[PDB]
Amino acid sequence: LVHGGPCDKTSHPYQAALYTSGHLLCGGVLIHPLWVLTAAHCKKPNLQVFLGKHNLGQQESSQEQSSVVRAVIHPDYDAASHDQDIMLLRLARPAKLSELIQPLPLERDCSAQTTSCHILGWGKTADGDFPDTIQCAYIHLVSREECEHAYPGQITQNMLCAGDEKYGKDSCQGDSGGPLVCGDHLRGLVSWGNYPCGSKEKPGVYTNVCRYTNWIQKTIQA
Ligand SMILES: N=C(N)c1ccc([C@@H]2Cc3ccccc3B(O)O2)cc1
């Protein structure tokens, strides 16, 4: 996350860290003791999910670990266009809940007009380095028209755009699958965006979670 700052250790209990080959690949969202919601482009071999983490460089008393039993990619995910970029991860071991491990409620209502959001993760910071401490930033939901102009013919109804014209607060490499939180509900998933990271002109693109209400439930019920 570029142009943000360290999160408060207690303000992100739903945050997941996804590892592959000994390094952080993506973020994720705990939405159920058995399920982490992430981006479909985060599918990599032998994913290890870490819950209750704040500082990646140190073993913490609150952290929990789990292998993936089943990675469920949306049937209509299109890798070339990033459309329907959502994946459900079934945890091998259900998450042991505490004050630092809790699921985030999803936004079911597509009509919701809360523009004031926040992003978080352990992705590349302004200096081009990967932080050990989780980063936060307040960003705003950009218009469909503004996004459509920034990325011609690449924005679908399954995508949301959020940024900050003021300082260019954006998600970055390593923040993918992570949350876009609006009104203490999951509004989006870090999907893709401008390179180098920065939303001063071209906003960050997020999977639009409200559209997947039915598929999520149907997957968890299976
Ligand atoms: N809004 C942006 N500027 C933005 C955010 C996240 C990404 C990557 C995409 C990715 C690809 C492959 C593996 C992981 C990721 B991810 O963590 O972030 C790229 C751009």
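From the mean inverse distance of alpha carbon pairs (Kirkwood) and the Cα radius of gyration, derive Rg over Rh for the chain.
On the Cα set of the chain, Rg over Rh gives 0.93.
Tell me whether the range 41-137 comes out rounded, prolate or oblate; compute the Cα gyration tensor, take square roots of the eigenvalues as a ≥ b ≥ c, and use a/c under 1.5 as the rounded threshold.
The shape class here is rounded.
Would you mind checking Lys9/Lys43; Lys96/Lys202; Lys124/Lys218; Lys9/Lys166; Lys53/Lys202 for any pair whose Cα atoms are more than 32 angstrom apart?
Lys96/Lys202; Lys124/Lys218
Determine one quarter of the surface area of the Cα convex hull of the range 83-200, which equals its mean projected area, and express it in nm² to one decimal.
8.6
For the chain, what is the relative contact order in percent, using Cα pairs closer than 8 Å and at least 6 residues apart in sequence?
Answer for the chain is 25 percent.
Please compute the net charge surrounding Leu89, taking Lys and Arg as +1 and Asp and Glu as -1 over other residues with Cβ under 11 Å from its Cβ.
Overall, the nearby charge balance is +3.
Over 19 Å, how big is the tail of the calculated P(r) for the range 146-222, in percent of all Cα pairs?
Percentage above 19 Å: 38.
Using the Cα centre of the chain as origin and beta-carbon charges of +1 (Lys, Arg) and -1 (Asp, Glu), tell me which of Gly188, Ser199, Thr219 is placed farthest towards the positive end of the dipole.
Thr219
Below 11 angstrom from the Cβ of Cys110, what's the summed charge of the other residues (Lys, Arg +1; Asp, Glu -1)?
Working: positive: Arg108, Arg187, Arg211; negative: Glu107, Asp109.
Neighbourhood net charge equals +1.
Quick check: from the Cα gyration tensor, does the range 63-116 come out rounded (a/c under 1.5), prolate or oblate?
Numbers: a/c = 2.88, a/b = 1.20, b/c = 2.40.
Oblate shape, in that a/c is at least 1.5 and b/c is the bigger or equal ratio.
Would you mind pulling out the separation of the Cα centroids of the range 13-60 and the range 185-222, in Å?
Value for the Cα centre distance between the two parts: 16 Å.
By the gyration tensor of its Cα atoms, with a ≥ b ≥ c the square roots of the eigenvalues, what is the shape of the range 1-79: rounded for a/c under 1.5, prolate for a/b over b/c, or oblate?
Prolate shape, in that a/c is at least 1.5 and a/b is the bigger ratio.
Only the coordinates and a few stated rules stand behind these numbers; no lab work does. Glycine gets a Cβ as well: all are built from the backbone with ideal geometry, and neighbour counts include every protein chain shown.
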